[PDB]
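Worksheet for the structure shown next.
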Amino acid sequence: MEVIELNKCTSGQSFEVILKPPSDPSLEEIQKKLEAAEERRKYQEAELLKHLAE
Amino acid sequence: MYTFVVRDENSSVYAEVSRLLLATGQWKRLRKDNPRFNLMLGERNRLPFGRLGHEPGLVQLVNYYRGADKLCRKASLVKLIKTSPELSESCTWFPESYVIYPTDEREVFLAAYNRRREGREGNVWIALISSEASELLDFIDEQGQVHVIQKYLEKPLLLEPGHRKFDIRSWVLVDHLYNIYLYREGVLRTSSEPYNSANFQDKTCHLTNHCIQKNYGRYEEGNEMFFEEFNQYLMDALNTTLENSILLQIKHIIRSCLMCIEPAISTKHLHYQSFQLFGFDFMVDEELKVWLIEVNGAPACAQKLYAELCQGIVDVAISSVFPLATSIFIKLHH
Amino acid sequence: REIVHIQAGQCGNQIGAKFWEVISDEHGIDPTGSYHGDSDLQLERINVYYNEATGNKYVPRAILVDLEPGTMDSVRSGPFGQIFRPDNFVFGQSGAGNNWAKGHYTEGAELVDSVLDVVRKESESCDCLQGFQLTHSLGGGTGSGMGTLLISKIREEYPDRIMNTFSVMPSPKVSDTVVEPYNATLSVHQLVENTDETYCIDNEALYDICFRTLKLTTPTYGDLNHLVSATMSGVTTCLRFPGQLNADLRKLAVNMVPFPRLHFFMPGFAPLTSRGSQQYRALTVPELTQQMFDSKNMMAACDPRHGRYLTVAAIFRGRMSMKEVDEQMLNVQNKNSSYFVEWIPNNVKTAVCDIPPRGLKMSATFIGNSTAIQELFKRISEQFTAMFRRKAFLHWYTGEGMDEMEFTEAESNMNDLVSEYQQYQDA
Amino acid sequence: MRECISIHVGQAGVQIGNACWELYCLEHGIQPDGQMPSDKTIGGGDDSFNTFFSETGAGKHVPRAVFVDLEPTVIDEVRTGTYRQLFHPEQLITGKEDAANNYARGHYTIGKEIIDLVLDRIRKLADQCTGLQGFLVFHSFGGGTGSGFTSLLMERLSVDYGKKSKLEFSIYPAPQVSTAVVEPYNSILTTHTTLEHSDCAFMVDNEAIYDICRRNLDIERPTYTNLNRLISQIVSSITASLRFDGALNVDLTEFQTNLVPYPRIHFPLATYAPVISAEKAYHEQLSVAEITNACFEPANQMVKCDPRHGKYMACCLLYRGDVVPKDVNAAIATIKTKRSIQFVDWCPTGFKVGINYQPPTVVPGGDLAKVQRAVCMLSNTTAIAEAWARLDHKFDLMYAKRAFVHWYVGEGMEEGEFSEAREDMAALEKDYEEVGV
Ligand SMILES: Nc1nc2c(ncn2[C@@H]2O[C@H](COP(=O)(O)OP(=O)(O)OP(=O)(O)O)[C@@H](O)[C@H]2O)c(=O)[nH]1
Ligand SMILES: Nc1ncnc2c1ncn2[C@@H]1O[C@H](COP(=O)(O)OP(=O)(O)CP(=O)(O)O)[C@@H](O)[C@H]1O
Ligand SMILES: Nc1nc2c(ncn2[C@@H]2O[C@H](COP(=O)(O)OP(=O)(O)O)[C@@H](O)[C@H]2O)c(=O)[nH]1
Ligand SMILES: CCCCNc1cc2c(cn1)[nH]c1ccccc12
Ligand SMILES: [Ca+2]
Ligand SMILES: [Mg+2]
Ligand SMILES: [Mg+2]
């Protein structure tokens, strides 16, 4: 019904039609998160090499 | 060899259907959470429609129409009729009703309540039954949940011998093509007590539920008169048939209700398909005018008609989609 | 995406030899190492198994290991015997005498370092090593004993590399000695820990197939190896030829192995064909699918109906309607959804390759991760106990330094493997 | 003029990026060598297309894009593709080993060894920007890279570019074209970690694109090339307003404003029509009313779901071709009376319309037929939550048994991150339900 904000140009045109009105983490924390997981790998790899050593 | 699942054990109807399907030897029952099913006899609450039709190489079907609760809830049905132009606020086969929340449209109800009394005309309403508004306007608050108030039919048709009240139950099936099939065999769920205008506080005389009644089993077995008898009674007592005097209005109301919500629930172009069995409850006044009382989304059948109805469900609503290696339904065309 | 092949023992080297004989023919490589194909598809993914050498010659990235020179001398004088890099022939002289202890602790230990030098030599040349594969039996001494010693030492020097095996299981129907259950149990303990994928090739199944199905009165080890070479070619098709599947060994293992210990697969193949006996009638897709899921086509003598599929992989080869493939694959699952776990969504995956194997217009290879594989281990465990309860034939092992306790442990770990399989079967 | 940088991550992201940039070049008349004859401002300028292309003194037009994969074979097809001349070597970043469909491996393990490099190569582009709006990130949910490395990248961009916006084009996992089985894990994981770092995300279910290609393009079994060419058309529609003159969705900020009232619920549903087969010999061209009406058919949606059983928060109509406002309002008025379109009470029931007179450009030899007029509807409906429900259910089934979990834990991840992510998804599903009913 109500057409508004009609803008026209050579490339085309745009508008709005209304039918009815209404009714972050830091670099620190990341680089530690990535390293706390690298320590868990190193530990898992260690317990493997220790197991293989036995 | 098709496959199905069952997720509602309390279902009297589909429990019989699940057995019929197995008896053919062309269907298999999987477990509750096996997604590789052709058919689903789902639960009543929180049925996961969002997970249907996403199994590659499997036509999926379910025995429930998503969004059909708008017709099967009392608060929703009133809103559906008043808001929808299809049915309109001037709807003639639905009692004048109003939605009332506990402490909405309360002030409008009182506006209509007045001139009803200030006009020398009968005025009784139902949520319980009372002639005074303030009586049970506080009742609804002391229950907790939302109810609906509507005009009580003070002039109901009365079955003789007995001078008795009754209500009609019709079973309607809507398949995947939204064909509306009316089951030819309905049932009158009658009261064995004589209707009494003088006192509404007693409800055995005003309410016709199947469990309330259990003078039981006096006139008809289990307080259930079928069409063959009720038809014969009308012919002898009123010189008319069931088809003419009542059923035309029933077929009209059924079709009108479902046609109204067809665009909101239809699975015509969807990735999964739906069918559903409904139970419409009608009321007849002394002038043979049919009124809609409610719609039941998970109806239970009558014992005699279980075998015939459940077989019908398999014929047109399941095998129509999953074929295998004189009709008990009247099709309401549109 | 280079793979390093190792073959240990009599069995390992004979199926391994036939493996290279088959895929070298598929990749158009001749017994000298020269390419002579009709397509560029044969050379596109050929770096995976072959090293490109001078004169545009292709050399298998293969290491041939044994404790006696008998079998490897036969390989070298075999059909494709000269394709192999002579330096990769690493052998002893004493043999292992079907003794796991000899292969794992004494005779093999003396030789294992020599083998690893060759492994390292190959691994270093690899642009990006994606894993190792081993062919061996578990009922002998070298392949069983030394092969698992190799795997242990490889995981030590390459802890982040995929290790897969094609392991031939021993059966009384096809038996060299009575101590095969002993060598097998000791080996399975090793495989449960240090492999990502083990293809369980039961000699019982291979025998029955050759007999009950393939119309062969008395099958030889050569007849049994036709089935193994066919299967091995089948499972590596996606790795060897360009297709829809962009997967290295790791990614493949991720989607097949829901639990680390449960990585023992039932291989299958269709159509089943005996040596020489030509195939005139090409199978329809419904027939390939129906056959590759039938127990009679399984290479592990287990009944799939006595268990449930954790995951499944199927590799169709040839020119066919992959729409029909999808339908037939999606069919089987929906006919028998009870034999698939419901708690791993979409656990059946399929891949297609346009080039079929030699002799067949189209074929299917089955890789099943079923819990029914416990039947295989329960069988070995019974044969094991039957002797161990009397400590029979144990002197052959205690003579090489082993203690009875090590047998009790191996026994226990496999009975645990069985119960672990039974856990997910009842879920 | 303000620039936008496109980041293509993983196999899906890269191959889709190629489909898009191929399409952009054809639309803007740019050639495979990067020469754009119609551009008279040699060596620079601030036109609308410069939002996506930089310029060199030699007259080459270069995509403001960076391709990244942990494995080279897919990006190698770009290095030697028909548009090899278009890109610069430092725009194409490859690793050696992929993430093997493992989020933890793409995020933690291998991601860590390459994150600083990508950021540097991204910074190389941002330095060539007079005014950077933000980033367009293309990737898959299912891949270990597309999920794992993406969330890591998204986290950092919010640190190095706090102000800048970040949009997502996300491929939602479909078994029909997927070989993986752990994609539900990867999807939930990357969604959880990326949610606070993404302003607006356009999901695309391969299931939907697959069936559209079968149903409407008569392709018996779509390849990725089929899917990607169709996806590029949708993306092109959505980015057209950033590359062409207009007043609707001119910057990335406006996408959030117009489509995302609530930050967490930033997954608009895209619907595209008409999709017509090039092999369709005789085709009756469809009208504005017909194609607009198709925007409310689930069979045309990027994600299969039922908007009727949900509530809208916003709705944009983006037309390409012979369209005028008169015919659109007529179509809207007609469709409104016949279909179920319920908005939230705190939003106006209306549409923002954008029309570009240039009809949709088609790839020569492609599967799509030229059309006189086409449309892409961007509707933020709560009905898209069905896709989360599907995904979350598959997650629960597997995780209850801890299936495959050992693969992630073995890369340094903790079992607790599974439940953290799943909890975040449980919250998201609930948010959708608060608004939707
Ligand atoms: N539409 C579309 N989907 C794709 C394409 N390529 C991959 N996918 C989907 O992406 C998912 C797998 O993720 P990929 O992008 O292939 O993997 P990746 O990002 O390279 O990550 P890794 O290989 O595990 O390191 C599957 O569900 C595929 O269906 C593509 O070109 N187009
Ligand atoms: N407006 C009205 N006038 C007269 N009687 C009414 C009425 N509304 C309800 N009743 C009586 O109430 C009985 C049951 O009420 P209602 O059916 O609304 O609740 P219900 O849903 O628990 C039973 P069912 O679901 O099986 O129909 C009917 O049998 C009818 O006789
Ligand atoms: N399929 C097959 N099995 C074999 C072959 N040779 C031996 N076996 C099996 O392997 C076991 C003997 O192991 P073997 O390889 O000879 O011992 P090794 O040489 O010391 O490693 C027995 O169970 C045999 O059935 C063979 O050529 N083919
Ligand atoms: C020597 C290593 C043999 C190959 N292993 C392998 C192959 C596949 C797999 C797991 N492992 N999953 C698949 C799914 C489809 C097609 C092929 C495979
Ligand atoms: Ca310029
Ligand atoms: Mg021997
Ligand atoms: Mg990849």
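Residue numbering restarts at 1 in every chain; chains get A, B, ... in the order shown in the structure tokens, and ligands count up from 1 in that same order.
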For residue B:145, list every protein, DNA or RNA residue within 12 Å, evaluated using only C-alpha atoms, and leave out those in the same chain fewer than 3 positions away; present the list as JSON, numbers by chain.
{"B": [75, 99, 100, 101, 102, 103, 127, 139, 140, 141, 142, 148]}
Would you give me, as a PyMOL selection string, the residues of chain D that come within 10 Å of chain B, using only C-alpha atoms?
chain D and resi 174-176+207-208+297-299+304-309+338-341+383-391+393+397
Next, dump the selected residues to file, keeping only N, CA and C atoms, as a PDB file, in the first residue's frame.
```pdb
ATOM      1  N   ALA D 174      24.788 -31.817   3.553  1.00  0.00           N
ATOM      2  CA  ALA D 174      23.755 -32.692   2.999  1.00  0.00           C
ATOM      3  C   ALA D 174      24.355 -34.062   2.655  1.00  0.00           C
ATOM      4  N   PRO D 175      23.759 -35.154   3.170  1.00  0.00           N
ATOM      5  CA  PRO D 175      24.302 -36.497   2.916  1.00  0.00           C
ATOM      6  C   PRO D 175      24.356 -36.898   1.444  1.00  0.00           C
ATOM      7  N   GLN D 176      23.445 -36.369   0.634  1.00  0.00           N
ATOM      8  CA  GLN D 176      23.352 -36.763  -0.769  1.00  0.00           C
ATOM      9  C   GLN D 176      24.625 -36.453  -1.552  1.00  0.00           C
ATOM     10  N   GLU D 207      21.288 -29.932   0.182  1.00  0.00           N
ATOM     11  CA  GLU D 207      20.101 -30.721  -0.094  1.00  0.00           C
ATOM     12  C   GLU D 207      19.142 -29.958  -1.000  1.00  0.00           C
ATOM     13  N   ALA D 208      18.967 -28.674  -0.706  1.00  0.00           N
ATOM     14  CA  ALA D 208      18.037 -27.828  -1.443  1.00  0.00           C
ATOM     15  C   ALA D 208      18.553 -27.519  -2.840  1.00  0.00           C
ATOM     16  N   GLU D 297       7.452 -20.374  -2.145  1.00  0.00           N
ATOM     17  CA  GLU D 297       7.405 -21.816  -2.331  1.00  0.00           C
ATOM     18  C   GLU D 297       8.660 -22.434  -1.711  1.00  0.00           C
ATOM     19  N   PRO D 298       8.489 -23.349  -0.736  1.00  0.00           N
ATOM     20  CA  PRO D 298       9.651 -23.975  -0.086  1.00  0.00           C
ATOM     21  C   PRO D 298      10.602 -24.680  -1.044  1.00  0.00           C
ATOM     22  N   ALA D 299      10.103 -25.088  -2.202  1.00  0.00           N
ATOM     23  CA  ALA D 299      10.916 -25.833  -3.151  1.00  0.00           C
ATOM     24  C   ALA D 299      11.951 -24.940  -3.828  1.00  0.00           C
ATOM     25  N   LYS D 304      15.324 -25.998   2.975  1.00  0.00           N
ATOM     26  CA  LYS D 304      13.958 -26.495   3.044  1.00  0.00           C
ATOM     27  C   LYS D 304      13.401 -26.341   4.454  1.00  0.00           C
ATOM     28  N   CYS D 305      12.332 -25.560   4.570  1.00  0.00           N
ATOM     29  CA  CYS D 305      11.613 -25.393   5.827  1.00  0.00           C
ATOM     30  C   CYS D 305      10.264 -24.754   5.513  1.00  0.00           C
ATOM     31  N   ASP D 306       9.466 -24.482   6.544  1.00  0.00           N
ATOM     32  CA  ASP D 306       8.112 -23.969   6.353  1.00  0.00           C
ATOM     33  C   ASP D 306       7.927 -22.615   7.043  1.00  0.00           C
ATOM     34  N   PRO D 307       8.082 -21.516   6.286  1.00  0.00           N
ATOM     35  CA  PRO D 307       7.917 -20.172   6.854  1.00  0.00           C
ATOM     36  C   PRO D 307       6.515 -19.904   7.400  1.00  0.00           C
ATOM     37  N   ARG D 308       5.522 -20.647   6.923  1.00  0.00           N
ATOM     38  CA  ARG D 308       4.151 -20.472   7.388  1.00  0.00           C
ATOM     39  C   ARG D 308       4.060 -20.710   8.887  1.00  0.00           C
ATOM     40  N   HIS D 309       4.840 -21.670   9.370  1.00  0.00           N
ATOM     41  CA  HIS D 309       4.862 -22.000  10.786  1.00  0.00           C
ATOM     42  C   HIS D 309       6.056 -21.340  11.463  1.00  0.00           C
ATOM     43  N   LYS D 338      -3.379 -14.381  -0.150  1.00  0.00           N
ATOM     44  CA  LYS D 338      -3.471 -15.803  -0.482  1.00  0.00           C
ATOM     45  C   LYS D 338      -2.522 -16.680   0.335  1.00  0.00           C
ATOM     46  N   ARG D 339      -1.455 -16.085   0.866  1.00  0.00           N
ATOM     47  CA  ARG D 339      -0.442 -16.836   1.609  1.00  0.00           C
ATOM     48  C   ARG D 339      -0.326 -16.388   3.063  1.00  0.00           C
ATOM     49  N   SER D 340       0.237 -17.267   3.889  1.00  0.00           N
ATOM     50  CA  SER D 340       0.409 -17.004   5.313  1.00  0.00           C
ATOM     51  C   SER D 340       1.751 -16.340   5.584  1.00  0.00           C
ATOM     52  N   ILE D 341       1.712 -15.044   5.882  1.00  0.00           N
ATOM     53  CA  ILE D 341       2.917 -14.271   6.154  1.00  0.00           C
ATOM     54  C   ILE D 341       2.752 -13.483   7.450  1.00  0.00           C
ATOM     55  N   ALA D 383      11.556 -19.911  10.887  1.00  0.00           N
ATOM     56  CA  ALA D 383      11.366 -21.251  10.348  1.00  0.00           C
ATOM     57  C   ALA D 383      12.689 -21.915   9.970  1.00  0.00           C
ATOM     58  N   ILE D 384      13.743 -21.120   9.802  1.00  0.00           N
ATOM     59  CA  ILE D 384      15.038 -21.670   9.417  1.00  0.00           C
ATOM     60  C   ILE D 384      15.664 -22.450  10.573  1.00  0.00           C
ATOM     61  N   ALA D 385      15.075 -22.328  11.757  1.00  0.00           N
ATOM     62  CA  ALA D 385      15.569 -23.032  12.929  1.00  0.00           C
ATOM     63  C   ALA D 385      15.427 -24.542  12.772  1.00  0.00           C
ATOM     64  N   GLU D 386      14.545 -24.966  11.871  1.00  0.00           N
ATOM     65  CA  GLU D 386      14.370 -26.382  11.570  1.00  0.00           C
ATOM     66  C   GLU D 386      15.712 -27.011  11.193  1.00  0.00           C
ATOM     67  N   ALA D 387      16.538 -26.237  10.499  1.00  0.00           N
ATOM     68  CA  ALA D 387      17.839 -26.705  10.043  1.00  0.00           C
ATOM     69  C   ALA D 387      18.777 -26.931  11.222  1.00  0.00           C
ATOM     70  N   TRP D 388      18.628 -26.115  12.261  1.00  0.00           N
ATOM     71  CA  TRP D 388      19.404 -26.294  13.481  1.00  0.00           C
ATOM     72  C   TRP D 388      18.906 -27.523  14.226  1.00  0.00           C
ATOM     73  N   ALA D 389      17.594 -27.721  14.214  1.00  0.00           N
ATOM     74  CA  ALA D 389      16.993 -28.855  14.891  1.00  0.00           C
ATOM     75  C   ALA D 389      17.499 -30.158  14.286  1.00  0.00           C
ATOM     76  N   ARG D 390      17.442 -30.253  12.961  1.00  0.00           N
ATOM     77  CA  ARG D 390      17.963 -31.412  12.241  1.00  0.00           C
ATOM     78  C   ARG D 390      19.403 -31.698  12.641  1.00  0.00           C
ATOM     79  N   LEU D 391      20.216 -30.654  12.594  1.00  0.00           N
ATOM     80  CA  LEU D 391      21.642 -30.772  12.829  1.00  0.00           C
ATOM     81  C   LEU D 391      21.939 -31.153  14.270  1.00  0.00           C
ATOM     82  N   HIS D 393      19.966 -32.735  16.335  1.00  0.00           N
ATOM     83  CA  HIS D 393      19.516 -34.088  16.617  1.00  0.00           C
ATOM     84  C   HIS D 393      20.595 -35.093  16.213  1.00  0.00           C
ATOM     85  N   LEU D 397      22.619 -37.799  18.712  1.00  0.00           N
ATOM     86  CA  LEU D 397      22.650 -39.236  18.470  1.00  0.00           C
ATOM     87  C   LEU D 397      24.068 -39.780  18.567  1.00  0.00           C
TER      88      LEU D 397
END
```
Residue nearest ligand 1 - candidates C:154, C:249, C:163, C:283, atoms counted: only C-alpha atoms and all ligand atoms
C:249
I'd like to know which of A:6, A:19, A:45, A:33 is closest to chain D, using only C-alpha atoms.
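Of A:6, A:19, A:45, A:33, the one nearest chain D is A:19, counting only C-alpha atoms.
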Who sits within 9 Å of residue C:313, only C-alpha atoms, same chain under 6 positions skipped, as a VMD selection string:
chain C and resid 256 347 to 351 365 to 369
Can you write just those residues out, N, CA, C and O atoms, as a short mmCIF file (atom, residue, chain, number, x, y, z; two decimals), in the first residue's frame?
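Printed below is part-v1.cif as written:
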```
data_model
loop_
_atom_site.label_atom_id
_atom_site.label_comp_id
_atom_site.auth_asym_id
_atom_site.auth_seq_id
_atom_site.Cartn_x
_atom_site.Cartn_y
_atom_site.Cartn_z
N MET C 256 35.25 -43.66 9.10
CA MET C 256 34.99 -45.09 9.21
C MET C 256 35.15 -45.60 10.63
O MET C 256 34.52 -46.60 11.00
N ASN C 347 25.53 -43.52 7.83
CA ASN C 347 26.80 -44.22 8.02
C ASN C 347 27.23 -45.04 6.81
O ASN C 347 28.30 -45.65 6.82
N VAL C 348 26.41 -45.03 5.76
CA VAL C 348 26.73 -45.75 4.52
C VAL C 348 27.09 -44.77 3.41
O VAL C 348 26.23 -44.04 2.93
N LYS C 349 28.35 -44.80 2.99
CA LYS C 349 28.84 -43.87 1.98
C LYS C 349 29.38 -44.61 0.77
O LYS C 349 29.94 -45.70 0.88
N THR C 350 29.21 -44.00 -0.40
CA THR C 350 29.51 -44.65 -1.67
C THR C 350 30.38 -43.77 -2.55
O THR C 350 30.30 -42.54 -2.50
N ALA C 351 31.21 -44.40 -3.36
CA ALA C 351 32.05 -43.69 -4.32
C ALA C 351 32.11 -44.49 -5.61
O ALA C 351 32.02 -45.72 -5.60
N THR C 365 33.37 -53.09 -4.50
CA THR C 365 34.16 -53.50 -3.34
C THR C 365 33.46 -53.02 -2.07
O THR C 365 33.03 -51.87 -1.99
N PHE C 366 33.36 -53.92 -1.10
CA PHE C 366 32.66 -53.66 0.15
C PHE C 366 33.64 -53.55 1.31
O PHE C 366 34.50 -54.41 1.48
N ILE C 367 33.52 -52.48 2.08
CA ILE C 367 34.26 -52.31 3.33
C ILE C 367 33.26 -52.09 4.45
O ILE C 367 32.68 -51.02 4.56
N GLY C 368 33.08 -53.11 5.28
CA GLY C 368 32.12 -53.04 6.37
C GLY C 368 32.80 -52.99 7.72
O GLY C 368 33.67 -53.81 8.02
N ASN C 369 32.40 -52.02 8.54
CA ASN C 369 32.79 -51.98 9.94
C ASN C 369 31.64 -52.50 10.79
O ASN C 369 30.90 -51.73 11.39
#
```
Only residues of chain D matter here; which ones have an atom within 6 Å of chain A, counting only C-alpha atoms? Give them as a PyMOL selection string.
chain D and resi 108+345-357+412
Smallest atom-to-atom distance to chain C: which of D:330, D:68, D:177, D:75, using only C-alpha atoms?
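Counting only C-alpha atoms, the residue closest to chain C is D:177.
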Could I get the residue neighbourhood of ligand 2 at 10 Å, counting only C-alpha atoms and all ligand atoms, as an mmCIF file with C-alpha atoms, in the first residue's frame?
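Result file follows (selection00.cif):
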```
data_model
loop_
_atom_site.group_PDB
_atom_site.id
_atom_site.type_symbol
_atom_site.label_atom_id
_atom_site.label_comp_id
_atom_site.auth_asym_id
_atom_site.auth_seq_id
_atom_site.Cartn_x
_atom_site.Cartn_y
_atom_site.Cartn_z
ATOM 1 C CA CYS B 72 -8.282 -27.945 17.537
ATOM 2 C CA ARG B 73 -7.795 -25.513 20.446
ATOM 3 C CA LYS B 74 -10.771 -23.698 21.941
ATOM 4 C CA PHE B 94 -20.738 -21.074 15.821
ATOM 5 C CA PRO B 95 -22.013 -19.933 19.238
ATOM 6 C CA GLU B 96 -21.209 -16.327 20.128
ATOM 7 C CA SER B 97 -17.916 -16.823 21.966
ATOM 8 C CA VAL B 124 -26.940 -18.658 29.744
ATOM 9 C CA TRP B 125 -23.246 -19.132 28.952
ATOM 10 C CA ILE B 126 -20.527 -21.785 29.274
ATOM 11 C CA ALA B 127 -16.770 -21.779 29.906
ATOM 12 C CA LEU B 128 -19.027 -24.225 33.862
ATOM 13 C CA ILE B 129 -22.624 -23.179 33.172
ATOM 14 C CA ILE B 149 -16.862 -18.080 27.270
ATOM 15 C CA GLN B 150 -19.678 -18.767 24.815
ATOM 16 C CA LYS B 151 -23.459 -18.616 24.626
ATOM 17 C CA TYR B 152 -25.120 -21.730 26.010
ATOM 18 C CA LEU B 153 -27.793 -23.220 23.756
ATOM 19 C CA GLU B 154 -30.805 -23.083 26.069
ATOM 20 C CA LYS B 155 -33.108 -24.590 23.435
ATOM 21 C CA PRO B 156 -31.444 -27.909 22.495
ATOM 22 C CA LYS B 165 -29.773 -33.900 25.418
ATOM 23 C CA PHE B 166 -27.202 -35.127 22.876
ATOM 24 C CA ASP B 167 -24.188 -34.212 20.736
ATOM 25 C CA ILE B 168 -23.057 -35.492 17.326
ATOM 26 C CA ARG B 169 -19.526 -36.759 16.638
ATOM 27 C CA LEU B 188 -24.829 -39.440 18.833
ATOM 28 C CA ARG B 189 -23.247 -39.291 22.271
ATOM 29 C CA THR B 190 -26.446 -38.887 24.261
ATOM 30 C CA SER B 191 -27.391 -38.128 27.858
ATOM 31 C CA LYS B 203 -24.004 -31.157 34.830
ATOM 32 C CA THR B 204 -24.970 -34.798 34.185
ATOM 33 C CA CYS B 205 -28.093 -33.336 32.584
ATOM 34 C CA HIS B 206 -26.239 -30.711 30.503
ATOM 35 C CA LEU B 207 -22.965 -32.473 29.603
ATOM 36 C CA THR B 208 -22.831 -35.340 27.103
ATOM 37 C CA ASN B 209 -19.223 -36.537 27.475
ATOM 38 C CA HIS B 210 -18.530 -40.250 27.075
ATOM 39 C CA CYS B 211 -16.972 -40.671 30.522
ATOM 40 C CA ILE B 212 -19.236 -38.385 32.564
ATOM 41 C CA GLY B 279 -13.309 -35.403 15.312
ATOM 42 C CA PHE B 280 -15.923 -32.694 14.887
ATOM 43 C CA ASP B 281 -18.502 -32.222 17.645
ATOM 44 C CA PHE B 282 -21.836 -30.664 16.695
ATOM 45 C CA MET B 283 -24.924 -29.569 18.620
ATOM 46 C CA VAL B 284 -28.527 -29.403 17.388
ATOM 47 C CA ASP B 285 -31.124 -26.953 18.722
ATOM 48 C CA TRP B 291 -23.895 -25.620 15.889
ATOM 49 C CA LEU B 292 -20.156 -26.307 16.006
ATOM 50 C CA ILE B 293 -18.909 -27.044 19.526
ATOM 51 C CA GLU B 294 -15.285 -28.040 18.914
ATOM 52 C CA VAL B 295 -12.756 -29.898 16.764
ATOM 53 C CA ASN B 296 -10.592 -32.731 18.122
ATOM 54 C CA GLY B 297 -7.138 -33.232 16.638
ATOM 55 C CA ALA B 298 -6.565 -36.611 18.304
ATOM 56 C CA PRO B 299 -10.054 -38.164 18.312
ATOM 57 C CA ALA B 300 -11.047 -41.612 19.568
#
```
With only C-alpha atoms considered, list every residue of chain B at most 9 Å from chain C, as a list in words.
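That gives the following set of residues: residues 1, 2, 3, 30, 33, 34, 35, 36, 37, 56, 57 and 58 of chain B.
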Using only C-alpha atoms and all ligand atoms, find each protein or nucleic acid residue lying at most 9 Å from ligand 4; present the set as number ranges by chain.
C: 3, 5, 131-134, 163-166, 197-199, 232-239, 245, 247-257, 311-316, 348-352, 365, 367; D: 179-180
Could you list, as a PyMOL selection string, all protein and nucleic acid residues with an atom at most 12 Å from ligand 5, counting only C-alpha atoms and all ligand atoms?
chain D and resi 28+30+34-62
